[PDB]
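Novice: If you read the protein sequences in the order shown, they are chains E and P. If you read the first sequence in the working numbering, its first letter stands for residue 1, the second for the next number, and so on. If you read the second sequence in the working numbering, its first letter stands for residue 248, the second for the next number, and so on.
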Amino acid sequence: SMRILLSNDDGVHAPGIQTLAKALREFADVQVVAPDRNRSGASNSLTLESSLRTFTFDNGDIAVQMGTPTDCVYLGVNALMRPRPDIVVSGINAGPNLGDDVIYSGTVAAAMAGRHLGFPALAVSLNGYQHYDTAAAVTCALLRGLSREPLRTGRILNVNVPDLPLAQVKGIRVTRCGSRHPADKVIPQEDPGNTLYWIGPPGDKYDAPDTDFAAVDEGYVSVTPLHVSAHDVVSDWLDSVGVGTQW
Amino acid sequence: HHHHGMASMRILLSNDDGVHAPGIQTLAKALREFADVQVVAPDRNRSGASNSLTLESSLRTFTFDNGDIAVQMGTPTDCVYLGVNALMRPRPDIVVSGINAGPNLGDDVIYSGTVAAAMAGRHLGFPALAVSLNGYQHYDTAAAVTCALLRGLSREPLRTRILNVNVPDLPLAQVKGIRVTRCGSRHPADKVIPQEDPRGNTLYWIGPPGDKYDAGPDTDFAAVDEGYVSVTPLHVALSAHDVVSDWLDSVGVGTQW
Numbered sequence: 001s002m003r004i005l006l007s008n009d010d011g012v013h014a015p016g017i018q019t020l021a022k023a024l025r026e027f028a029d030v031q032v033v034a035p036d037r038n039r040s041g042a043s044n045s046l047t048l049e050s051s052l053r054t055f056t057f058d059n060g061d062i063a064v065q066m067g068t069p070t071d072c073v074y075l076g077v078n079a080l081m082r083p084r085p086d087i088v089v090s091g092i093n094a095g096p097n098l099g100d101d102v103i104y105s106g107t108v109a110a111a112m113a114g115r116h117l118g119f120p121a122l123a124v125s126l127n128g129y130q131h132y133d134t135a136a137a138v139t140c141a142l143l144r145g146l147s148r149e150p151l152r153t154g155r156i157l158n159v160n161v162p163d164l165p166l167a168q169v170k171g172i173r174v175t176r177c178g179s180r181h182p183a184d185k186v187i188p189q190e191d192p193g194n195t196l197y198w199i200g201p202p203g204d205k206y207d208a209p210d211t212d213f214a215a216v217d218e219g220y221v222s223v224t225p226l227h228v229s230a231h232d233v234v235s236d237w238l239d240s241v242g243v244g245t246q247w
Numbered sequence: 248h249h250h251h252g253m254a255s256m257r258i259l260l261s262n263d264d265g266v267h268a269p270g271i272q273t274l275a276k277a278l279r280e281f282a283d284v285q286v287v288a289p290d291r292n293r294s295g296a297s298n299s300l301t302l303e304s305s306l307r308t309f310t311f312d313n314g315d316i317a318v319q320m321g322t323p324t325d326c327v328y329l330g331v332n333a334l335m336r337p338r339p340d341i342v343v344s345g346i347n348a349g350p351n352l353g354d355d356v357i358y359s360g361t362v363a364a365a366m367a368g369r370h371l372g373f374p375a376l377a378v379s380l381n382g383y384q385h386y387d388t389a390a391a392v393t394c395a396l397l398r399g400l401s402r403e404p405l406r407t408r409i410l411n412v413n414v415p416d417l418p419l420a421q422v423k424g425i426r427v428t429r430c431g432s433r434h435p436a437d438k439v440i441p442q443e444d445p446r447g448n449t450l451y452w453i454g455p456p457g458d459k460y461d462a463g464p465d466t467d468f469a470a471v472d473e474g475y476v477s478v479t480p481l482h483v484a485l486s487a488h489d490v491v492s493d494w495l496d497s498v499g500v501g502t503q504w
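In structure tokens form, the structure reads like this:
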């Protein structure tokens, strides 16, 4: 049987994560270590400055209090999950992780298997909020193949599932990540004298063929692998302004 | 050994160590010798925040009588994000980050808030300097090194991404000099430190970064070790399109046959 360390960015009690948990439990051992609240926009962040507390539920699930998606993978693999997981899966995220926005999303970040990435990590995101079952089915399909034939190249597996019934899905398509504009806007909110600031929505679609955007647009399930030279130009610039050197 | 120029440029200063940390404040007054410094930093120590940004709740901004701005529950990214977009009017020329208490060497950059504060993503507001002191004694040394490079930027601008700097904790007289270096690598951070609270429960600390895997010539590790000032031009990335596409057909997923 397969071992799964499941996590997300929306917290243990998210509709997405819990839907995925049950679907993967009928074929694989699922140990869920996820944040205590919604940590959307956490990315690589990991709590170094303070200690983290963990509460175990009756059903075996473990929540990380004030924790980030990365902590759940970190603490899970290293201390919490024994024996170690076969696969580290993140999701299902409520809301899409399309384009270059993946650099900021906590879900995709939980592909911080570099330690226990004997499993190429899986970041599954629903392009909507309605059909978490559809997205769970795709994950089930993709996890079944991994037990049958394992993957060699361990660039994470970012998946975007369109918010449609499973029958309405046209199929799968391997895509490279597109790109958005930077978010120039900041939404202001007045409190009962001061002003609060919200980080505005990411910029308009810039790059959308072979793009992870258009894949979802036509009905396909988008899949993207992800990873993480001007030495001469800098060294020449340093001597040009005369820094680090007397002349 | 270093004096101020006549360049009245604007600087957005942030860090991971928060507004009141010695590092950022040392650099704050040091750059105010020639430049117009506006410091937008987090309200507390956010070491290891990286690209994090509060997308689920609103942020509150406490302004000081000394021109500085603090962001309550904010991340190094927020301070730059809010600073450029709404707070700092007029906008900065360069977005310097530091000086970080503790070195940002090797693959510690992907998790470090200081380096992640230095993001030229919003505009060509960079090459944004990530300044990190290899120590906690000579905050002035690193400040003097920053002043040198910032003057250089006002002398002759630099095109194309980020500038990660690691200054050794030594007097400016003892500093060997400068050497442009590519980032080395550590054996991935693994430790989990358990500590017991007075109820019977156990609390967990995320352990220190792992042992230096790559250290030698032209690396950020050995550069500082010899006494030199390390400089790295950093950029994130996104190839094996065929391998994946063959696999999906191999295990028969997405396709009915």
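We put the CB at the ideal spot given by N, CA and C, even for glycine.
#1: By a C-beta neighbour count over all protein chains shown, 10 Å radius and 16 as the cutoff for buried, is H131 (chain E) buried or exposed?
#2: Is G330 (chain P) helix, strand or coil by DSSP?
#3: Taking 8 Å as the threshold (beta carbon to beta carbon), is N78 (chain E) in contact with chain P?
#4: Does the beta carbon of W247 (chain E) come closer than 8 Å to any beta carbon on chain P?
#5: Taking all protein chains shown into account, do 16 or more other C-beta atoms lie within 10 angstroms of the C-beta of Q285 (chain P), making it buried, or fewer, making it exposed?
#6: Could you tell me whether the Cβ of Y132 (chain E) comes closer than 8 Å to any Cβ of chain P?
#7: Any residues in the segment 424 to 440 of chain P with a beta carbon nearer than 9 Å to a beta carbon of chain E? Which ones, in chain order?
#8: Using a 10 Å radius around the Cβ and a threshold of 16 neighbouring Cβ atoms, would you call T310 (chain P) buried or exposed?
#9: At a CB-CB cut-off below 9 Å, which residues of chain E make contact with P480 (chain P)?
#10: So is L371 (chain P) buried or exposed if we call it buried at 16+ other beta carbons inside 10 Å?
#11: Per DSSP, which residues does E149 (chain E) bridge with? Please list them.
#12: Pairing CB atoms from the segment 162 to 178 of chain E with CB atoms from the segment 355 to 370 of chain P, are three or more of them under 8 Å?
#13: Any idea which residues DSSP pairs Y475 (chain P) with across the strands?
#14: Measure the beta-carbon distance from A123 (chain E) to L157 (chain E) and round it to whole angstroms, keeping in mind my assumption that it falls under 8 Å.
#15: When you compare the segment 181 to 200 of chain E with the segment 128 to 148 of chain E, are there three or more beta-carbon pairs, one atom per stretch, that lie closer than 8 Å?
#16: I'd like to confirm the pairing. Which residues does DSSP put opposite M2 (chain E) in its beta bridges?
#17: Tell me which same chain residues have a C-beta within less than 6 Å of the C-beta of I440 (chain P), skipping the five on either side of it?
#18: Apart from the five residues on each side of it in sequence, which residues of its chain come closer than 6 Å, Cβ to Cβ, to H482 (chain P)?
#19: Would you say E49 (chain E) lies against chain P (beta-carbon separation less than 8 Å)?
#20: Specify the secondary structure class of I357 (chain P) as computed by DSSP and reduced to three states.
#21: Alpha carbon to alpha carbon, what distance is there between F119 (chain E) and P415 (chain P)?
#22: Can you give the Cα-Cα distance for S179 (chain E) and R433 (chain P), rounded to whole angstroms?
#23: Is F213 (chain E) helix, strand or coil by DSSP?
#24: Measuring CB to CB, does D467 (chain P) end up less than 8 Å from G353 (chain P)?
#25: Would you check if the segment 257 to 265 of chain P and the segment 330 to 341 of chain P touch, i.e. whether three or more CB-CB distances between them fall below 8 Å?
#26: Beta strand (DSSP E) containing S40 (chain E): first to last residue?
#27: Pick helix, strand or coil for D340 (chain P), following the three-state DSSP scheme.
#28: Looking at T273 (chain P): is its Cβ nearer than 8 Å to the Cβ of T301 (chain P)?
#29: Between which two residues does the alpha helix (DSSP H) containing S261 (chain P) stretch?
#30: Give the range of the alpha helix (DSSP H) segment to which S229 (chain E) is assigned.
#31: So the candidates are P:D437, P:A469, P:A462, P:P339; which of them puts its Cα closest to the Cα of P456 (chain P)?
#32: Can you tell me which residues form a DSSP beta bridge with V414 (chain P)?
#33: Please check the pair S294 (chain P) and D264 (chain P), which I expect to be a contact at CB under 8 Å, by giving their CB distance rounded to whole angstroms.
#34: Check for me: the beta strand (DSSP E) holding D461 (chain P) runs from which residue to which?
#35: With the cut-off set at 8 Å, would you say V392 (chain P) and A317 (chain P) are in Cβ contact?
#36: Could you tell me the alpha carbon to alpha carbon distance between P85 (chain E) and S43 (chain E), rounded to whole angstroms?
Specialist: Reading it off the structure:
#1: Buried is the call here.
#2: Here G330 (chain P) carries a helix assignment [DSSP, helix/strand/coil].
#3: Contacts with chain P at 8 Å (Cβ-Cβ) include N78 (chain E).
#4: Cβ-Cβ to chain P under 8 Å: no for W247 (chain E).
#5: Buried: at least 16 other Cβ atoms inside 10 Å.
#6: The beta-carbon of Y132 (chain E) is placed no less than 8 Å from the nearest beta-carbon of chain P.
#7: Of all residues in the segment 424 to 440 of chain P, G424, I425, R426, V427, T428, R429, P435, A436, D437, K438, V439, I440 have a Cβ within less than 9 Å of some Cβ in chain E.
#8: Taking all protein chains in view, the Cβ of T310 (chain P) is surrounded by fewer than 16 other Cβ atoms within 10 Å, so the residue is classified as exposed.
#9: Those are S229, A230, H231, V233, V234, listed as they occur along chain E.
#10: Flag for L371 (chain P) reads exposed.
#11: Note: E149 (chain E) sits in no beta bridge, so no partner.
#12: The segment 162 to 178 of chain E vs the segment 355 to 370 of chain P: no contact.
#13: Bridge partners of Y475 (chain P): P:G424.
#14: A123 (chain E) to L157 (chain E), Cβ: 7 Å. Contact.
#15: As far as the Cβ criterion goes, the segment 181 to 200 of chain E does not touch the segment 128 to 148 of chain E, which means the pair count is below three.
#16: Bridge partners of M2 (chain E): E:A28.
#17: Only residues of its own chain outside the window of five on either side were considered, and among them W452, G454 have a CB closer than 6 Å to the CB of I440 (chain P), listed in chain order.
#18: Cβ neighbours of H482 (chain P) within its own chain (closer than 6 Å, five residues either side excluded): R408.
#19: True, the Cβ-Cβ gap to chain P drops below 8 Å.
#20: Note: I357 (chain P) maps to coil in three-state DSSP.
#21: Using only the alpha carbons, I get a separation of about 39 Å.
#22: Going by the C-alpha atoms only, they are around 31 Å apart.
#23: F213 (chain E) falls in the helix class under three-state DSSP.
#24: In this structure, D467 (chain P) lies near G353 (chain P), with their beta-carbon atoms less than 8 Å apart.
#25: Judged by Cβ distances under 8 Å, the segment 330 to 341 of chain P makes contact with the segment 257 to 265 of chain P, as three or more pairs qualify.
#26: No beta strand (DSSP E) contains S40 (chain E), which DSSP labels as neither H nor E.
#27: If DSSP states are grouped into helix, strand and coil, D340 (chain P) belongs with coil.
#28: For the 8 Å CB-CB criterion, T273 (chain P) and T301 (chain P) do not form a contact.
#29: Note, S261 (chain P): premise wrong, no alpha helix (DSSP H); not H, not E.
#30: Going by DSSP, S229 (chain E) is part of no alpha helix (DSSP H) at all; its letter is neither H nor E.
#31: Nearest option by C-alpha distance: P:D437.
#32: Looking at the DSSP assignment, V414 (chain P) forms a beta bridge with P:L380.
#33: Their Cβ separation, rounded to whole angstroms, is 7 Å, which keeps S294 (chain P) and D264 (chain P) in contact under 8 Å.
#34: Membership of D461 (chain P) in the beta strand (DSSP E) is indicated by the continuous run 459 to 461.
#35: Contact flag unset, no.
#36: Distance between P85 (chain E) and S43 (chain E), taken at the CA atoms: about 22 Å.
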